[PDB]
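Peer 1: one piece of my complex first, more on the way:
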Amino acid sequence: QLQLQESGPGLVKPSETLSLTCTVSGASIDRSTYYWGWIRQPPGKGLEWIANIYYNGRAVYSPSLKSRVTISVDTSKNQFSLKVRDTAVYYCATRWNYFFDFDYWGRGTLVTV
């Protein structure tokens, strides 16, 4: 079955770079991929969409982040990451299904600026 966990730092000083990596126990990405993005939510607030990447280098960002974001993918170790140059709880959800939209979610730990 699909499976998404998350690791990474949990204390970031302002203006400094954050790295978040999401591991999948699918366990593969393939040309059979669809989308894998990031979703953040400030506790007590609503949900916010971050970035999104395919198994190709191409990716789609939200200009709300003014492209401060920059995501990476390593199919070798079956993971995709993210680089940022505002404090919230994070997530990695995907597309694993024609039709639908965003399905299959992975708890993404909390980080504070």
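Peer 2: Happy to help now that I have it. Numbering: from 1, shown residues only, chains lettered A, B, ... in the order given.
Peer 1: tell me the contacts of the residue nearest to the spatial centre of chain A?
Peer 2: Centroid check for chain A by Cα atoms, centre = their mean gives residue A:38 as the closest residue, at 2.9 Å. Shown in contact with residue A:38 (Cβ atoms under 8 Å, 6 or more residues apart in numbering): A:20, A:22, A:49, A:50, A:51, A:52, A:71, A:82, A:90, A:91, A:92, A:108. Quick note: C-beta positions are derived from backbone N, CA and C, even for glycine.
Peer 1: So in terms of bridging, what pairs with it?
Peer 2: residue A:92 (DSSP bridges).
Peer 1: Helix or strand for the residue nearest to residue A:37 when sequence neighbours are not counted, just tell me which one.
Peer 2: Counting by Cβ to Cβ, 6 or more residues apart in numbering, residue A:37 lies nearest to residue A:52, which is 3.5 Å off, once chain neighbours are set aside. Element membership of residue A:52, judged by DSSP states H and E, is strand A:48-53.
Peer 1: Would you quantify the distance from the residue nearest to the centre of chain A to residue A:98?
Peer 2: 22 Å (Cβ to Cβ, to the nearest Å).
Peer 1: same structure, new chain, call it chain B:
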Amino acid sequence: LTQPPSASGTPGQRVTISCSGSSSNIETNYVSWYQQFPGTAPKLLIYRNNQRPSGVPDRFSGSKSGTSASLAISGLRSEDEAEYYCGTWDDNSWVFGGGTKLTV
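Peer 2: Let me add chain B to what's already shown:
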């Protein structure tokens, strides 16, 4: 996107929620709704408008026209207390609405 932060109903009332965006988004795409219990991650509740994933009963509903959608949770009960979010593809990416706490 736009959502009124709350809604209300007695156990057995056909409660509804609107979902307001522009013509860039909800007009020319597909709406998805999500029942996030607080302290967990969201479950897709309605996909590609009206359509219900396996598990979601007939009680929840879908509806779309113009640049605003809807979600009619008839036969409202207790366990339906959660956080419902709507959202689609704008011309470039994915967006969410505000959110809504259902209270019975």
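Peer 1: Please re-evaluate the contacts of residue A:38 in the presence of chain B.
Peer 2: A:20, A:22, A:49, A:50, A:51, A:52, A:71, A:82, A:90, A:91, A:92, A:108 (Cβ atoms under 8 Å, 6 or more residues apart in numbering or on different chains).
Peer 1: before we move on, what about residue A:54?
Peer 2: A:33, A:34, A:35, A:36.
Peer 1: The third one touches residue A:52, doesn't it?
Peer 2: Looking back up the chat, that one is residue A:35. Yes: the pair residue A:35 / residue A:52 is scored as a contact, 5.4 Å apart, by Cβ atoms under 8 Å.
Peer 1: neighbour-wise, which of the two wins?
Peer 2: When residue A:35 and residue A:52 are compared on other Cβ atoms under 10 Å in any protein chain shown, the one with more neighbours turns out to be residue A:52, at 23 against 17.
Peer 1: By neighbours, which of the contacts of residue A:54 wins?
Peer 2: Using other Cβ under 10 Å as the neighbour test, the contacts of residue A:54 are led by residue A:36, with 25 neighbours.
Peer 1: now that one, nearest residue through space, not along the chain?
Peer 2: residue A:94 (4.6 Å; Cβ to Cβ, 6 or more residues apart in numbering or on different chains).
Peer 1: Just checking the lengthiest strand in chain A against chain B, any contact.
Peer 2: Scanning chain A for the strand with the most residues, using DSSP state E, yields strand A:103-111. Yes: Strand A:103-111 comes into contact with chain B (Cβ under 8 Å from any Cβ of the partner chain), by way of A:103, A:105, A:106, A:107.
Peer 1: Chain C should go on the structure too:
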Amino acid sequence: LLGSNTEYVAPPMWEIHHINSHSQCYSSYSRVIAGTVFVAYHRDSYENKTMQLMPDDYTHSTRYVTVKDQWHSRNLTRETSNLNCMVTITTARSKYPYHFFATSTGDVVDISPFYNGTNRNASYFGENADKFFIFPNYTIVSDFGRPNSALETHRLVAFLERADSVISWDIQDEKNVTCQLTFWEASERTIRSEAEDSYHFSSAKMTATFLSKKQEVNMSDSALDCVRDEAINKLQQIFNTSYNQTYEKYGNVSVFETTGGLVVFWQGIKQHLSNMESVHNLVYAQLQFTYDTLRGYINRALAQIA
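Peer 2: Placing chain C onto the earlier chains gives this:
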């Protein structure tokens, strides 16, 4: 006479939709390679007219073509292009757990024939994500041969879109269409003698004896669902048209997986499922039957002697 390249090409998706909603193809192929787009026309200098499909001449396959001949004409070396749009229909098999199907024509698809757009968790998709599409209530021209033909609206249709072709199939319901067990036979009056580690279901009529582990299988195993109802109705069918009613049902219908991998439905009278396959030659059970019988009988005599 000079050369003859002939290459086999998938139509564009807009054309796929035309083909199977009108029973006709356009008399032009166009593909872009590098910068510019290239383009071929049927007879030379032709326009972009529509062309209806008609039946070929035959195997298990069923073909529909838009042109039944080849053509050319006579100062310098000239190269005519013969354009043919052809819809062919092949049977494809696929066996449990249906993670891929294949046609007799060498196409192999790593998608479940029951990957209803929703159920990738309970199914499989493993071809190019780029190229695969699914369309709920989708119209189809129902017979490409005739051009008047009525229209069907298929529940769910997939399209795979490979390099030499576009592949389409009607998505069905697994479990509705596939059952993984088949009625072999029924034994009225079977005898369930118990043993050390195993029950022995000795049937005289089918000349054989079957041994099962002592723990019967949960009747609510999903594996049994497709024959569950038949098996009971097969059972009750007997106790109804077999013996009189001095006999009466002892214990509930219980199911056993036998060594060798049959599955046995038991219903007594008076007065958690191995992925294994079924064993092919049933002598192993006629053998057990032989031993069981002679040994049973020998002990009987020698006892009443001693």
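Peer 1: and the contacts of residue A:38, now that chain C is part of it?
Peer 2: With Cβ under 8 Å, 6+ apart, residue A:38 has these contacts: A:20, A:22, A:49, A:50, A:51, A:52, A:71, A:82, A:90, A:91, A:92, A:108.
Peer 1: next one: residue C:10
Peer 2: Going by Cβ under 8 Å, 6+ apart, residue C:10 touches C:161, C:162, C:163, C:164, C:165, C:166.
Peer 1: For PyMOL, write the selection for the buried entries among the residues you listed.
Peer 2: To isolate the buried ones among the contacts of residue C:10 in PyMOL, judged by 16 or more other Cβ atoms under 10 Å in any protein chain shown, type:
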select buried, chain C and resi 161+165+166
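Peer 1: Pipe the contacts of residue C:10 into TSV and attach secondary structure and distance to residue C:61 per row.
Peer 2: TSV is the format used below for the contacts of residue C:10 (DSSP: H, G, I helix; E, B strand; the rest coil; distance: Cβ to Cβ, whole Å):
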residue	secondary structure	distance to residue C:61
C:161	coil	20
C:162	coil	17
C:163	coil	20
C:164	coil	15
C:165	coil	13
C:166	coil	16
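Peer 1: out of the contacts of residue C:10, which one sits closest to chain B?
Peer 2: Taking Cβ to the nearest Cβ as the measure, chain B sits nearest to residue C:161 out of the contacts of residue C:10, at 20.9 Å.
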